[PDB]
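Q: Residue numbers (full-length UniProt numbering), protein chains in the order written: chain A, 1 to 286; chain B, 1 to 287; chain C, 15 to 809; chain D, 541 to 648; chain E, 217 to 270; chain F, 3 to 160; chain G, 3 to 162. For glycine and all other residues, C-beta sits at the position ideal for the given N, C-alpha and C. I am attaching a structure below and will ask some questions about it afterwards.
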Amino acid sequence: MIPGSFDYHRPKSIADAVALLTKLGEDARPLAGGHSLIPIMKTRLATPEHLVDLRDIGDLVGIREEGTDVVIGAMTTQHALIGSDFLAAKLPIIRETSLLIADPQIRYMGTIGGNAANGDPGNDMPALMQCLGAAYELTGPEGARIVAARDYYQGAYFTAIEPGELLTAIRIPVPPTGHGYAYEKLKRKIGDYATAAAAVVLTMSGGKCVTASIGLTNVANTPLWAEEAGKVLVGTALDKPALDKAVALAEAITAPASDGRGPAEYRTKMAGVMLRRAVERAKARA
Amino acid sequence: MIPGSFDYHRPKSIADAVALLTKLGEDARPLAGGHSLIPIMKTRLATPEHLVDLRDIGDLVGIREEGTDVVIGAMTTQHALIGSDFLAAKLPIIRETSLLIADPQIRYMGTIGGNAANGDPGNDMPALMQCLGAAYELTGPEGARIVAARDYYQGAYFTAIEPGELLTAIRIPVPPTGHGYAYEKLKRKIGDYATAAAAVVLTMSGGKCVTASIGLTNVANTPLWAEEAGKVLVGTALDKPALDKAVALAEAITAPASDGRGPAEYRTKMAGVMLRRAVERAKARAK
Amino acid sequence: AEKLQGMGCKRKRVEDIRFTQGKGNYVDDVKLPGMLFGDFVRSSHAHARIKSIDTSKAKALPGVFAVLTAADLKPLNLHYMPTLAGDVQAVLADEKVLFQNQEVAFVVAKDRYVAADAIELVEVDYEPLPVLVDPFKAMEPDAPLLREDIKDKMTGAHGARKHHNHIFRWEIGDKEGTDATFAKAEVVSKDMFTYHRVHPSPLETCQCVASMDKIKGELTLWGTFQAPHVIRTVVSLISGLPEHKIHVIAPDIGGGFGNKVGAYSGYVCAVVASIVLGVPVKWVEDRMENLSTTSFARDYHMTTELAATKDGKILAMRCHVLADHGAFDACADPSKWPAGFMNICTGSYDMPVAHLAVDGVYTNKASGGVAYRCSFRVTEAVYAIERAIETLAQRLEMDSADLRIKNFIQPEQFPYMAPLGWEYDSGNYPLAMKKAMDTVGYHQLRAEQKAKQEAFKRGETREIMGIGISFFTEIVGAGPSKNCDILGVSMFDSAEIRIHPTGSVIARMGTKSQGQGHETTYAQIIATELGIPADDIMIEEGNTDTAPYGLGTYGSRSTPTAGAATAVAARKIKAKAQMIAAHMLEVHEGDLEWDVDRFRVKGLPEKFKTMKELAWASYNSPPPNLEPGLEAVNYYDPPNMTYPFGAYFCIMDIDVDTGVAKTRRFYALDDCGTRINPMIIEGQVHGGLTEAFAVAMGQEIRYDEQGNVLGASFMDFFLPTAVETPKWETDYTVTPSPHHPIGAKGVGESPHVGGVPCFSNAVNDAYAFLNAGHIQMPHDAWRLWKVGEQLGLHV
Amino acid sequence: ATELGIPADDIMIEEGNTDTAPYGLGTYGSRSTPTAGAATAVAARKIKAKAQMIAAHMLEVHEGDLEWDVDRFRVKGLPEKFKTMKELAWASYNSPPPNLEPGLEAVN
Amino acid sequence: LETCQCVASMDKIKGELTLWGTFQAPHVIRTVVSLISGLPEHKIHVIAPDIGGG
Amino acid sequence: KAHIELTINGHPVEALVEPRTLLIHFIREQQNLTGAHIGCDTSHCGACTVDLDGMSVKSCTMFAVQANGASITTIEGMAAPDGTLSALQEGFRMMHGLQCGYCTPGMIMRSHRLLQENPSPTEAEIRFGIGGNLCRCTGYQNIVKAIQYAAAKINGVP
Amino acid sequence: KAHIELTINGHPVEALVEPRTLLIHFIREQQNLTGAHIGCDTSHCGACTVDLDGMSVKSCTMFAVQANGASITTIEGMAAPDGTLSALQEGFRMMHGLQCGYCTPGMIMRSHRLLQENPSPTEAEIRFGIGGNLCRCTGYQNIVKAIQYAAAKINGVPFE
Ligand SMILES: Cc1cc2nc3c(=O)[nH]c(=O)nc-3n(C[C@H](O)[C@H](O)[C@H](O)COP(=O)(O)OP(=O)(O)OC[C@H]3O[C@@H](n4cnc5c(N)ncnc54)[C@H](O)[C@@H]3O)c2cc1C
Ligand SMILES: Cc1cc2nc3c(=O)[nH]c(=O)nc-3n(C[C@H](O)[C@H](O)[C@H](O)COP(=O)(O)OP(=O)(O)OC[C@H]3O[C@@H](n4cnc5c(N)ncnc54)[C@H](O)[C@@H]3O)c2cc1C
Ligand SMILES: Nc1ccn([C@@H]2O[C@H](COP(=O)(O)OP(=O)(O)OC[C@H]3Oc4nc5nc(N)nc(O)c5nc4C(S)=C3S)[C@@H](O)[C@H]2O)c(=O)n1
Ligand code: FES
Ligand code: FES
Ligand code: FES
Ligand code: FES
């Protein structure tokens, strides 16, 4: 319950926060909503010497459309994502997913950037951002760069970010008007990380699937983008034979943990059932 | 019980205390042992805006032999007076009187200068100082001066001190070796101010009184030096007819209050009884 | 009439005023001058010798005042403490650790933040020993010797002591008769039902504030105690302080659920530390330590058999249990009952003969067993019989409702001597079963279920429907002095009631609420007895200096014991009031009759004295034959237990492809005799059914092969939220207890006792048409997925 | 202590908290010994009478066969058969005679 | 040597008065305070602690 | 130690805190506002819920330094200045929405924000809307009643 | 407010006080050393007596600012660390030198100093020596006995 001692900073700008993180090095961590970091400080699994709170940086908060993308600041809270009627109109999967994350209190504090950056395979946003083909904007001492969500995760708490960088924004391509979408999660209770979950976006024309993308949550040590499973839906009527193929291809890439949610063979099969159910709801929406 | 608020000062020297009392005017009082001032602040009889505490001024405490006098600093405590071997040798009446003042706690704090300056006719030291013919050394913004104890007291809380002055020391001529002395106090209980008390110092040679001096406590709005009463003892054997004349001359200058200690007339008579008894003890001691 | 709020009223709770405003006073709210905070260095190992503890770095940390180890306690003979089960438990580990997270040292610091720092600086050197976690292996010849302090090596069952890991063997019932029945019965129905390890997990953890006043030589001990007087007596016996100088205070308690009966190491260490330091010491455990180091519940492996005729008459029951007690036997029970009241396991049925045997074993786990609304192992007894009824019914090809109805103990049979020794007080089972079946539309549910099964076989649905039945007989109110005691103190309880001159009342009882509403409901009993409004009555519990001695709140005993005492003490006051009335009215006491709130003169009803008038007269004009004042005490030794009962029905739908089960309907009929406060009873039922749902459908504490405790935090331990928790439909019948002064039985544990078999029976029943056999709890989604996987449902 | 044969040091006395102390009229008129001192003796004699009943039950004699010796009841003629007050206080909790309430207390 | 004194504490949340005081007859004081305050006796907790002479 | 200044239940607060001090401990220990409770060590239970700048926050999952500048309401702040209970406090009592009382501060503080988010919620909205708060005693059914009772009272005020 | 640093019962103390705060009130109200008592408003009773730089002082007749830099012992500071009572505290109990207890802290603190001033006092010296301390309960006779008992304990030989 009790964390180790640390020094606490409130930088006023992205530039200042990056300067601090760079100077302080490995012993400093950004502090966003604190609802993954503070819990692991309380267990002393994390014992940073410095916390760099991002609270006073207004440029990190916000939702805007820019070109063919929606750009969401890293400090935008889950509660704000749910509340955004502009996001609901453009990217309605985000509200659906966010309502499946944690509980009201946690959603008031937890941020989209923190959910993306944290590195726990339990987080729901990473696979959704892989499904949507989102890009993460990072700023550090050497300047800006972009890392695809699909390329950001290497393992539990291992990600493509470098020393002294902040994830400043998430850039999400806006799906076509009329697209289908779904996030389908299996969990033990409110607040629980998924036994398995699937994110789907797809478009249809003339009764046939034109595009499909699939993410899978918490059925490996990272989120997964189920590339082949999405591809096999394209050109089909999203009928039983097509879904059986997609389920096979998605199950094949899983490598779940065996924990209180059940053994790895169950979770693999649940990835497939979530996928089936998500594709069906997305089809109907399309 | 609760005094009004004030600012507190701790001057480091006499000169700094005097300057402060001069600057701040009558809203400032010197604080010595506090055992008359703090009780009247607590009843809001006194409401000074400043207290000038003399405690850090080491110069004000002491008992010194100088010339033919003993000089006692104003901040010297009753307890210190009692404990002085030197005073017990040269001025034994001081211990005797001090042991009739107040109580142990009060005597730890209360000072000779505060007893002498205070101006309450109930204080014991004033009339002892008049008996002894002491001189008070005062330092003010206008410099030093001396006022005889016999000239220092004009009324209840009305003394010869002027604005900005401190009483710094009491200068007491050392009486002859072998002198008699006594301080005889009538009081209702330990710590009570006298119904009446008498201080006596006298000398004898060959069955006859050579010198005598009498002070009377708390039987007028001031201490009293009973000048004529002492003079009429000189040349006599200090027997009952000699004392009758002294008593008459002492009683005649009293003007007591009527309070819980009894009516004025009773207190005048007790001044006479105390005088008789003090003279008898002093005669026995005289030596 | 408006003001009375007596028995039967849905009186709103007096506790709520302070609790809704944050003005309850729970242990961690206590702040005393100079108070320090203590907490433990705990074992990383399940089984190991302690070679060394280095505390020097911790002691040297600014703000640390003491670091206790067993070496400091041994001289005081406090390195072990006694348990309610007649074993001992290690306070601080001495030569070895025996469960993961066991206490090894106790750091005392300026506050909890410094204490936590200082715990991390203590270095323990361990020497690993082989871990024992499977109770089925505990009495094998090569099983590790756990309890070196009390046992020598004994590798079999035929030596002059039992096997070293065998705690006890307890048997009851007619072994020869039962074996003869099973040797010739037409049907023998046998299963091994495991009641998995779970935990009561009250929302407030265990905690105390010890304050030894060294100047006075008096100890004050605030704490989370369900039985504060018992704790006083135990602290006296072990510390050597006399009882009149030990002031135990159980203030408001944030739920207990059986977790707060016994003593824990933290209480002993806080007290020792306070005695050493002369200042108060607070100890508050965190959740992970609560779940992994304080009383677990259940952990019974029950080999359960029924003998029957083919037509469905039950002839006998034979049950043997393997009980996993963890490393120390700390199971709270009356002293003569090492398996509690597990011998209520013949349930609601009239059987001629039965036999029960229970073996307790040590393993490298936390201690406990009796906790979490068990009524002293009644949860296990009821699960055994109500599951066995269902598996028998399957084997007979009978409907299990019909099987129960063919076997129920009939109303005219009460008081009914059951074949394992308990004499049930009263019951009307056929009426309650009928009311329940009619309300849920039972025969129609069965036809609906049959059609859904046919649809499943045709490929038309992936859902299956189960109908769970639990018809149970509880036993609560421990208990008669002949056979019920806690460490030699007979299991009575008590009430003291004092009426003030102006007619208000202070009353205290020997129980202790942890949320059950006693402060409201005891006043309702008095209000009806005396005609004094309930709001004119103050109820207090839990301060051992002031309350009459009692045995505490557990085993749903408050209403049977202290509720009885309350009524009997009030009836003493009434009798004295009658004598005062007779004196005032100048009549014979026999000429008077009670009428609500006054005594009237028979056949001159104009002439009367009210209870308020009589209270004043007791002070103002006391009759010369009598003492002044108006008060009474009763210490109530019950003649028997009370035996409430219930009929619970669960309709459950299960998605075979995910394993996800969803309760459709849950109907709970409870009969606890006279109902003091229907609103409070209903809340007790809602809470107990939610626990039953949690235990049956998800909750567990597990150990791996290395002895690591698994799932002992809210990341994994299933506590339902408002989203998961079903809606509850409740109902009742009223069958008073004939021996109780107001006819009231206990009820608070009934919902859990009955509810777990109801849920588990529903799940088992859903899969019965597929021949799944007995499905072991919990029935979470992965486990139900495995059931279906193994039946070939997924291909 | 004299009434019950329990040392004075094993007895805690309290007064002045109206929630806990039995109702009384207070201390003035030098009344404490005449009134509450009387009540104290009478209440202690009620406990003694109950203790005598417990002793008779435990020793399997009549109450009239018992005699009090400072802090214990002995059987007349058989002084080796006795129960101390301390023993009887435990028995009142541990083995209450079937016609008596558990515990050992009184008010006057 | 100790003068007369008290500490009154009305708990407005609970509707209960606690009254510490220099009372030779605390139960009498309770019953008096009930009669003049209209609070019932079970809600008036009078406490006479150590008293420095009466 | 960091100097903070904030508002709690309408009153200014200033304090010096270690950055690691959790908000729940600053509230209970330094401020002596012991209504808010701790029920867990992993951020699940919600017993520590306070209303902070228009949000329901689990105060065991925030440091006191993060609350610098904030306006916080705890359960002690819910009754009106004349002592009258809030509609929620009254509804929890009327509907028997508590037993041991340990979750009750948190449940009421969450529910205070819930009924600002949605003044007229359905039962499914209530249950979901209190998903971050655990209760061991009640089985939630009467808590839903309590919230519905409070909504009706609030919706009648104007 | 004024800043003061002093020693009380052997422990360092640092505080802020108003100049007009009486020492008795600083001790009782700010330091929570509530053994010292107030029995009067005119400096007669001595119930407020503490030992201050080797003197017996009526702490109701001194401002806390005057005690800056002082060493004070109050009744709480008299018992040994091993729990054993001082000679005086034991003698007061043994000789029944207290009843209500209200004067006792100031009587013991004065007597602590008395016995340093005069370790073997006569009865008349004892009575005079506690003349600044009033008791209402005892009539003083058993107080004199208590102080004699303590002196004889300290001296290892009785006197009167
Ligand atoms: C009880 C509970 C249940 C939960 N349930 C779920 C759930 O169902 N699904 C789900 O997805 N989440 C769940 N969460 C996690 C929650 O969503 C967290 O808010 C999230 O994981 C982290 O976001 P945060 O803003 O709180 O980040 P923090 O906790 O502040 O930080 C998390 C990590 O990310 C780093 N970080 C944060 N922001 C940046 C940045 N901009 N650039 C670089 N590094 C950064 C931090 O340094 C830290 O290492 C749950 C949490 C709790 C306490
Ligand atoms: C209970 C009790 C009983 C007592 N009994 C007696 C008694 O029997 N006989 C008796 O004689 N006294 C008695 N006293 C009075 C006591 O002796 C006081 O100590 C004394 O009157 C004043 O001396 P102090 O040092 O305490 O002066 P303070 O109280 O500090 O000062 C008294 C007054 O003198 C002024 N002052 C002090 N020192 C100086 C100085 N150097 N120069 C100029 N002005 C100064 C102050 O400003 C104030 O106006 C009693 C006191 C008490 C509390
Ligand atoms: N015939 C009856 C029976 C009971 N009641 C009311 O119901 C309440 C529960 O009474 P009872 O059934 O006698 O049970 P106890 O009070 O002895 O409670 C113990 C029981 O309480 C249970 N319910 C709990 N509920 C809360 N909130 N907290 C716990 O710790 C609880 N622990 C569990 C466990 S475990 C146990 S053993 C009391 O207010 C009583 O007046 C009544 O109105 N009529
Ligand atoms: S204490 Fe459990 S969420 Fe805060
Ligand atoms: S009322 Fe007990 S935890 Fe909710
Ligand atoms: S209080 Fe009486 S002398 Fe100080
Ligand atoms: S003991 Fe009571 S005033 Fe002295």
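If you measure from the beta carbon of F/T140 to each beta carbon in chain A, is any gap under 7 Å?
A: Indexing the sixth sequence from 1 puts residue 140 of chain F at position 138. So no, F/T140 is outside the interface.
Q: In angstroms, rounded to a whole number, what distance separates the CA positions of B/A134 and B/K185?
A: In the second sequence, residue 134 of chain B corresponds to position 134, counting from 1. In the second sequence, residue 185 of chain B corresponds to position 185, counting from 1. Looking at the two C-alpha atoms, the distance is approximately 21 Å.
Q: Using only the alpha-carbon positions, how far apart do C/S774 and C/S572 sit?
A: Along the third sequence, read from residue 1 onward, the residue named residue 774 of chain C stands at position 760. Along the third sequence, read from residue 1 onward, the residue named residue 572 of chain C stands at position 558. Distance between the alpha carbons of C/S774 and C/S572 is about 29 Å.
Q: Under the rule that 16 or more other beta-carbon atoms within 10 Å means buried, what is D/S570, buried or exposed?
A: Translated into positions along the fourth sequence, residue 570 of chain D becomes position 30. Residue burial annotation: D/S570 is exposed, with fewer than 16 other C-beta atoms found within 10 angstroms of its C-beta.
Q: Mind pulling the chain H residues with CB within less than 8 Å of C/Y127?
A: Judged by its chain identifiers, the structure shown contains no chain H, and its protein chains are A, B, C, D, E, F and G.
Q: Comparing C-alpha positions only, which one of A/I161, A/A255 and A/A89 sits nearest to A/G178?
A: On the first sequence, residue 178 of chain A is found 178 positions in, with the first residue counted as 1. Checking every option, the nearest Cα to that of A/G178 belongs to A/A89.
Q: Leaving out the 5 sequence neighbours to the left and right, which residues in its chain are closer than 8 Å to B/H35 when beta-carbon positions are compared?
A: In the second sequence, the residue the question calls residue 35 of chain B occupies position 35. If we look at B/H35 and ignore the five residues flanking it on each side, its Cβ neighbours are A102, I106, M109, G110 and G114.
Q: Please state whether DSSP places F/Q101 in a helix, a strand or coil.
A: Position 99 of the sixth sequence holds residue 101 of chain F. Looking at F/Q101 - three-state DSSP - the assignment turns out to be coil, as it is neither helix nor strand.
Q: Let me know the alpha helix (DSSP H) ranges lying completely inside the region 237-262 of chain B, each 4 residues or longer, listed in chain order.
A: 240-253
Q: On the DSSP bridge assignment, give the partners of A/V201 in chain order.
A: Counting from one through the first sequence, the residue named residue 201 of chain A turns up at place 201. Per DSSP, A/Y181 and A/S213.
Q: Which same chain residues, not among the five before or five after C/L233, have their C-beta less than 8 Å away from its C-beta?
A: Position 219 of the third sequence, counting from 1, holds the residue named residue 233 of chain C. Cβ within range, chain order: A224, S225, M226, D227, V249, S253, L255, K259, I260, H261, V285, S288 and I289.
Q: Does the region 239-248 of chain C come within contact of the region 400-414 of chain C, defined as at least 3 CB pairs closer than 8 Å?
A: At 8 Å Cβ cutoff, the stretches do not touch.
Q: Report the partner residues of C/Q221 according to the DSSP bridge assignment.
A: In the third sequence, counting from the first residue as 1, residue 221 of chain C sits at position 207. Note: C/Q221 sits in a beta bridge opposite C/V298.
Q: For D/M552, count the other beta carbons within 10 Å of its own beta carbon; 16 or more makes it buried, fewer makes it exposed. Which is it?
A: The residue given as residue 552 of chain D occupies position 12 in the fourth sequence. Exposed, since its Cβ has fewer than 16 Cβ neighbours within 10 Å.
Q: Hey, would you say C/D439 sits closer than 7 Å to C/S751, going by beta carbons?
A: What you label residue 439 of chain C is simply residue 425 of the third sequence in a count that begins at 1. What you label residue 751 of chain C is simply residue 737 of the third sequence in a count that begins at 1. It is a contact, given that the beta carbons lie within the stated cut-off.
Q: Starting from C/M95, trace the beta strand (DSSP E) in both directions and tell me its first and last residue.
A: Residue numbering aside, residue 95 of chain C sits at position 81 when the third sequence is read from its first letter. Counting along the chain, the beta strand (DSSP E) containing C/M95 begins and ends at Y94 to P96.
Q: Sorted by chain position, which residues of the same chain lie with C-beta nearer than 6 Å to C/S309's C-beta, five sequence neighbours on each side aside?
A: The residue given as residue 309 of chain C occupies position 295 in the third sequence. Once the five neighbours on either side are set aside, the close Cβ partners of C/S309 are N273, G382 and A385.
Q: State the DSSP-derived secondary structure class of B/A17, mapped to helix, strand or coil.
A: The sequence position of residue 17 of chain B within the second sequence is 17, counting from 1. If DSSP states are grouped into helix, strand and coil, B/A17 belongs with the helices.
Q: In chain order, what residues of the UniProt domain "2Fe-2S ferredoxin-type" (4-80) of chain G put their CB closer than 8 Å to some CB of chain E?
A: Under the 8 Å Cβ criterion, the UniProt domain "2Fe-2S ferredoxin-type" (4-80) of chain G contributes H39, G41, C47 and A49.
Q: I want to check one thing, is the minimum distance from the CB of G/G41 to the heavy atoms of ligand 6 below 6 Å?
A: Counting from 1 along the seventh sequence, the entry for residue 41 of chain G is found at position 39. Yes, Cβ of G/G41 sits closer than 6 Å to a heavy atom of ligand 6.
Q: Tell me which residues of the region 637-671 of chain C have at least one Cβ-Cβ distance to chain D shorter than 8 Å, keeping chain order.
A: Taking 8 Å as the Cβ-Cβ cut-off against chain D, the residues of the region 637-671 of chain C that qualify are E641, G643, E645, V647, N648, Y649, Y650 and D651.
Q: Does the region 206-226 of chain C come close enough to the region 783-802 of chain C that 3 or more CB-CB pairs lie under 8 Å?
A: yes
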